[PDB]
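Understanding the architecture of this molecule
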Number of protein chains: 2
Amino acid sequence: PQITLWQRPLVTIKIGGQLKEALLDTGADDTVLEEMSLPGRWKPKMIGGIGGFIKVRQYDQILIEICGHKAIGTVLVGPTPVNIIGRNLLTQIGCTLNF
Amino acid sequence: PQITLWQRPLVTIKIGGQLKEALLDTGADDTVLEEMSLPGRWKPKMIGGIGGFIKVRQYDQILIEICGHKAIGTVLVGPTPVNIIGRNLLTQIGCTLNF
Ligand SMILES: CC(C)(C)OC(=O)N[C@H](CCN[C@@H](Cc1ccccc1)C(=O)N[C@@H](CCC(=O)O)C(=O)N[C@@H](Cc1ccccc1)C(N)=O)Cc1ccccc1
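Residues numbered from 1 in each chain as written, not as in the entry; some residues may be left out. Chains lettered and ligands numbered in written order. Heavy atoms only, no water.

As summarised from the PDB record, the model derives from X-ray crystallography at a stated resolution of 2.45 Å.

What follows is the structure, encoded as structure tokens:
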């Protein structure tokens, strides 16, 4: 799909058997999702954005379905206001910017 | 131009007679540039990002050149780590997401 930017670029993602909406963020290096029930082990980690830093939990090789496109990568879980799909997962679904 | 996401989507912008690099951020509603010499009036404003909020100064109808494409719109100035070009300006240079 092509996506204009008049509205937030929100998509439907399936991660860990659950359905959620996330924002495609070309400006995020990482993918950060709000508190959720995820299976597996993890490691503590601090990450920054505008406003400061937040503590999240790192989960590697997690399966995720973004608009039907499957991908496996690191996902971070913590106190984020919105679910953010970063370039780590965006490169995997062949997502480009165009103008 | 088409832009893959393996590297940060950094572009060259000309704003206020000065040259800078900014990140094309599909996940930013607004355009936030780091402290810089801008002409005109402004209004105080708090905005949010992942780690909390930051106080910036709002400047409306500012001219900006992103990769040769001219655009006029609101730009926010404050303690941001990187210059962010938000959807307000991205819609103006006809920028889309694709996959
Ligand atoms: C997700 C991680 C991995 C933490 O990366 C980034 O945040 N990357 C930033 C891209 C921008 N991504 C979004 C992430 C986001 C979005 C929504 C909510 C929470 C987080 C953002 O900060 N967007 C801000 C950019 C500044 C701006 O637009 O004014 C935004 O759109 N904020 C809105 C929406 C908002 C409201 C309240 C709270 C938070 C956000 C606003 N109106 O202030 C760039 C960056 C890189 C490194 C260091 C600092 C900054």
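Anyway, onward from the coordinates.
Digging into the interface of chain B and chain A
For an interface, size is often stated in terms of accessible area lost upon the parts coming together. The interface is formed by 37 residues belonging to chain B together with 37 residues belonging to chain A. Buried area between chain B and chain A, summed over both chains or domains, comes out near 3600 Å², and the portion from carbon and sulfur atoms is 63%. On the chain B side of the interface with chain A, the three residues burying the most area are B:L5, B:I50 and B:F99, jointly 27% of the side's total. Salt-bridge contacts for B:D29 lead to A:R8; the nearest nitrogen and oxygen are separated by 2.8 Å. Taken together, chain B and chain A are joined by 19 residue pairs in polar contact. Counting only elements with at least two residues in the side of chain B that touches chain A, the list comes to β1 (2-3), β3 (18-24), β6 (52-66), α1 (87-90) and β9 (96-98) of chain B. In the side of chain B that touches chain A, the residues fall into 19 nonpolar, 14 polar and 4 charged. The pairing of strand β9 (residues 96-98) of chain A with β1(B) spans 2 bridges and is antiparallel. (Contact = heavy atoms within 4.5 Å. Buried area = accessible area lost by both parts, 1.4 Å probe. Salt bridge = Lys/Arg side-chain N within 4 Å of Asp/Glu carboxyl O. Polar contact = N/O pair within 3.5 Å; in protein donor to acceptor, adjacent residues only side chain to side chain. Helix = DSSP H or I, 4+ residues; strand = E, 2+ residues; numbered from the N terminus. Nonpolar A, V, L, I, M, F, W, Y, C, P; charged D, E, K, R; others polar. Pairing = 2+ DSSP bridges.)

Remarks on the layout of surface pockets
Counted as a void, the largest pocket has a volume near 890 Å³. Residue lining of the largest pocket: 30 residues in total, with A:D25, A:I50, B:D25, B:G49 and B:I50 positioned closest to the centre. Breaking the lining of the largest pocket down by element, the ones donating at least two residues are β5 (43-49) of chain A together with β5 (43-49) of chain B. Split by residue class, the lining of the largest pocket holds 16 nonpolar, 6 polar and 8 charged. (1 Å grid on protein atoms, 1.4 Å probe; cavity = no way out; pocket = protein on both sides within 12 Å on 5 of 7 lines; lining within 4 Å. Points joined across faces, edges and corners; volume = space filled by probe spheres on them.)

What about the sheet that holds β1(B)?
Consider a sheet: its strands pair through backbone hydrogen bonds, and that pairing is either parallel or antiparallel. The strand order across the open sheet built from 4 strands is β1(A)-β9(B)-β9(A)-β1(B), with neighbouring strands paired in antiparallel fashion. This sheet does not close on itself; its edge strands, each paired only once, are β1 (2-3) of chain A together with β1 of chain B.

So, the environment of A:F53
With respect to the helices, strands and loops of the structure, A:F53 is situated in strand β6 (residues 52-66). What makes A:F53 exposed here is its relative accessible area of 51%. Discounting residues that sit within four places of it in the chain, A:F53 has contacts with A:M46, A:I47, A:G48 and B:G51. (Buried < 20%, exposed > 50% of the residue type's maximum accessible area, 1.4 Å probe, protein only.)

Observations concerning unusual backbone geometry
All names here are of chain A. Even without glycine at this site, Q61 takes up a positive phi of about 40°. Along the chain, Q61 turns up in strand β6. With relative accessibility at 65%, the residue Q61 sits in the exposed group. A positive phi angle, near 50°, is found at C67, a position not held by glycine.

With respect to the nonpolar core
With 48 residues, the main nonpolar core has A:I85 and B:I85 as its most contacted residues. If sequence neighbours within four positions are ignored, B:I85 has contacts with B:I13, B:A22, B:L23, B:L24, B:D25, B:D30, B:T31, B:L33, B:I64, B:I66 and B:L90. (Core = buried A, V, L, I, M, F, W, Y, C linked by side-chain atoms within 4.5 Å.)

Description of the relation of the copies chain B and chain A
Mapping chain B onto chain A leaves a residual RMSD of 0.1 Å; the transformation is a rotation of 180° accompanied by 0.0 Å of translation along its axis. Such a turn and shift between the copies fits a two-fold axis. (Least-squares fit on C-alpha atoms.)

A closer look at the site of the ligand
If you check the shell around the ligand, you find 25 residues, and the closest are A:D25, A:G27, B:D25, B:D30 and B:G48. Around the ligand, the nearby residues trace back to chains A and B. Contact distances for the ligand include 2.5 Å between a nitrogen atom and a side-chain N or O atom of A:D25. Here a nitrogen atom of the ligand and a backbone polar atom of A:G27 are 2.7 Å apart. For the ligand, whose free accessible area comes to 920 Å², the fraction covered by protein is 85%. At a threshold of 2 Å from the grid points, most atoms of the ligand map onto the largest pocket. At the level of elements, β5 of chain A together with β5 of chain B are the ones that each hand at least two residues to the shell around the ligand. Taken together, the residues of the shell around the ligand break down into 13 nonpolar, 6 polar and 6 charged. (Near = heavy atom within 4 Å. Areas by Shrake-Rupley, 256 points an atom, 1.4 Å probe, with all protein chains shown as cover. Sits in = over half its atoms within 2 Å of the grid points.)

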